[PDB]
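Examination of the molecular architecture
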Amino acid sequence: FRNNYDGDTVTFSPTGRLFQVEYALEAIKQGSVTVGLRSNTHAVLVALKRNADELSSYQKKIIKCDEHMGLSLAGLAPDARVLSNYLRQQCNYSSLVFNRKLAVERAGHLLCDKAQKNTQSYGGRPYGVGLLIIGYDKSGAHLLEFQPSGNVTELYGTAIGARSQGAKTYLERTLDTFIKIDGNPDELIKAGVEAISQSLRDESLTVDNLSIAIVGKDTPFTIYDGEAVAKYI
Amino acid sequence: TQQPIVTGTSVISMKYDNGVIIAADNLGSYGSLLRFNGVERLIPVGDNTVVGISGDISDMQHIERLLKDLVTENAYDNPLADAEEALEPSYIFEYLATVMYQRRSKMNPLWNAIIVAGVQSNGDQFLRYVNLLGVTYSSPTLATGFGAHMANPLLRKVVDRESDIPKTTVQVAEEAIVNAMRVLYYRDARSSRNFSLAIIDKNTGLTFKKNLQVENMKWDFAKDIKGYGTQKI
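Residues numbered from 1 in each chain as written, not as in the entry; some residues may be left out. Chains lettered and ligands numbered in written order. Part of a larger assembly, values for the part shown. Heavy atoms only, no water.

For this entry, the PDB record names X-ray crystallography as the structure determination method and reports a resolution of 2.50 Å.

Next comes the structure, spelled out in structure tokens:
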């Protein structure tokens, strides 16, 4: 079975499945956990940075795409770089040509379409990375979840990566609560850190291990790493 | 590189306390031949913007098509197309400005002088000019071609600087513009008596007046003028 239909993305299995795409999705699950949640004034990204050795650094998982948009990655870092770079250009194009900040919903649509082209043609490969995009645009705070399959969804919060299911159940429970944390970033962030720790097991979030990013009403998308996240550990 | 064939003359405009007014006659000249008389050179975009065009008419019609497309395109996958994500006058202008400059840079210009008049979503008045060279500028009053020499001086007597805008009413403003249209009909050999006028008020919205006419003209003194010096009868 599978073996005869998973050689490339241009092949459907007898049940209508696209294995190469599914295998790509697997690279995400093997990725370090990351969380995203928003209120009506802010959107927060909390990511667990993973390190190789105790002599290595903890690889960055948050990329800023514009002053009002950014994302967290889980999976192949190079693919995140490619996709985020495309998003940086799209944001940039919107500004230069229409003097308009790109709508987070539009960015989701563009990412979906870019990913889709690599699932219907021979020679290429699906992207092997998941992305959580947050941003504050003309319709408020936003959070998006991007899957290599090309499926992008808007949520109040979510998580991707290894053991992400913990944080996700936590948020699905804490919903009514954090969704109202308007005007108070530190509270939203703490809520995010509480959700992410719901997926810990190995260790505990340390200073050079925790990575946070926020964007909102009067807050340009900014990243906090190390000492700057201490007040949340 | 080209040369204009059918052309539209002046496009005059100014801003008052609650919005902007813009007007242009309904003529399409062909050299010295006043060939077409039902030409509308004021192009409404949505209900917060009006683009006034002078210069080559075939290019104007092309810009018209570009503008209809912007509207269609902006509506695609946009649930807020008639709300927070509707086209702003500044987006429409930056777009055209972009096109105008790219076209002059390829040595194949859209032979026009354009003025974009409208009201931003936050109520601010928007009035900016862009021409075939890609050149752009703003001023309390703006006129193209002939009207730059004869209309601006009159309109500036009403709004000479920024502090004059809040002191100007739609009545005074519309009056100034209507008078300017008459003066242009007196001295511009490529003008028409018929014209269209549009107002974009942050309260009353967009008011588009068609089939106006220069009225209250002074010609009686012509009877007392005979000869060109010494002739008495």
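A closer look at the interface of chain A and chain B
The test is simple: Residues count as neighbours in contact if any of their non-hydrogen atoms are within 4.5 Å of one another. We define a salt bridge as a contact between a side-chain nitrogen of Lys or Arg and a carboxyl oxygen of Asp or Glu at a distance within 4 Å. Here a polar contact is recorded for every N or O atom pair within 3.5 Å, except that within protein the pair must consist of a potential hydrogen donor and a potential acceptor, and residues adjacent in sequence are included only if both atoms are side-chain atoms. Each helix is a run of DSSP H or I of at least 4 residues and each strand a run of E of at least 2, with the numbering of both proceeding from the N terminus. Three classes are used, and their members are as follows: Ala, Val, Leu, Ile, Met, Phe, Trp, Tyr, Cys and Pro are nonpolar, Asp, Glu, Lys and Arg are charged, and the others, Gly among them, are polar.
Of the residues lining the interface, 10 residues belong to chain A; the matching set on chain B comes to 16 residues. The residue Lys138(A) makes a salt bridge to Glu88(B) at a minimum N-O spacing of 3.6 Å. Summed over the shared surface of chain A and chain B, the result is five residue pairs in polar contact. Those elements that place two or more of their residues in the side of chain A that touches chain B are α2 (77-98) and α3 (104-117) of chain A. Here the side of chain A that touches chain B takes three residues from α2(A), the largest share from any one element. Of the residues that constitute the side of chain A that touches chain B, the class distribution is four nonpolar, three polar and three charged.

Structural notes on the pattern of salt bridges
Residues and elements named next belong to chain B. Going by this rule: Burial status follows relative accessibility: with a 1.4 Å probe on protein chains alone, a residue under 20% of its type maximum counts as buried, one over 50% as exposed, and anything between as partly exposed.
Per the counting criterion, the structure on display carries 14 salt bridges over all chains. Between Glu-215 and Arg-193 there is a salt bridge, with the nearest N and O atoms lying 3.4 Å from each other. Taken as a pair, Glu-215 in the segment after β13 (205-213) and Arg-193 in the loop between α4 (170-187) and β12 (194-201) lie far apart in primary sequence, 22 residues in all. The exposure class of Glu-215 is partly exposed, given its relative accessible area of 40%. Given the relative accessible area of 28%, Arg-193 is considered partly exposed.

Focus: the nonpolar core
Where we set the bar: We define a nonpolar core as any set of buried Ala, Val, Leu, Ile, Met, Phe, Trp, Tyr and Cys residues linked to one another through side-chain atoms lying within 4.5 Å.
In this structure, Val51(B), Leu67(B), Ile92(B), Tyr95(B), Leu96(B) and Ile114(B) are the most contacted members of the largest nonpolar core, which totals 28 residues. Sorting the residues of this core by element identifies α2 of chain A together with β6 (42-45), β7 (49-56), α1 (57-75), α2 (89-105), β8 (112-119) and β9 (125-131) of chain B as the ones contributing at least two each. Among the elements that line this core, the one with the most residues is α2(B), at eight residues. If near-sequence neighbours (up to four positions away) are discounted, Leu67(B) is found in contact with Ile43(B), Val45(B), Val51(B), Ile92(B) and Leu96(B).

Observations concerning the sheet that holds strand β1 (residues 34-38) of chain A
All names here are of chain A. What counts is decided by this rule: Only when DSSP finds a minimum of two bridges between them are two strands counted as paired. Between N-to-C directions, angles cover 0 to 180 degrees, with each direction set by a line fitted to C-alpha atoms, over the stretch in contact for helices.
As summarised here, the arrangement of the five strands in space is β8-β1-β2-β9-β10, forming an open sheet in which the pairing is antiparallel. Strands at the two margins of the open sheet, each flanked by one partner only, are β8 (157-160) and β10 (219-225). Strand-to-strand twist across the sheet, computed as the mean angle between neighbouring axes with direction ignored, equals 10°. Across the sheet, helix α5 (residues 185-196) is in contact with β1, β2 (42-48) and β9 (210-216); its angle to β2 comes to roughly 35°.

Here we look at the environment of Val35(A)
All names here are of chain A. Examined against the element boundaries, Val-35 turns out to sit in strand β1. Assessed through its relative accessible area of 0%, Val-35 is described here as buried. Here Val-35 is in contact with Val-44, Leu-45, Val-46, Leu-132, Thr-158, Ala-159, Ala-167, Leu-171, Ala-195 and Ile-196, once residues within four sequence places are set aside.

Notes on the pairing of β13(B)
Two faces, one strand: in a regular strand the side chains alternate between the faces of the sheet. Residue and element names in this part refer to chain B. Pairing of β12 with β13, which is carried by seven bridges, proceeds in the antiparallel orientation. Each bridged residue has a counterpart across the sheet, and for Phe-195 the counterpart in β13 is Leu-212. Hairpin connection from β12 to β13: three residues lie between these consecutive antiparallel strands.

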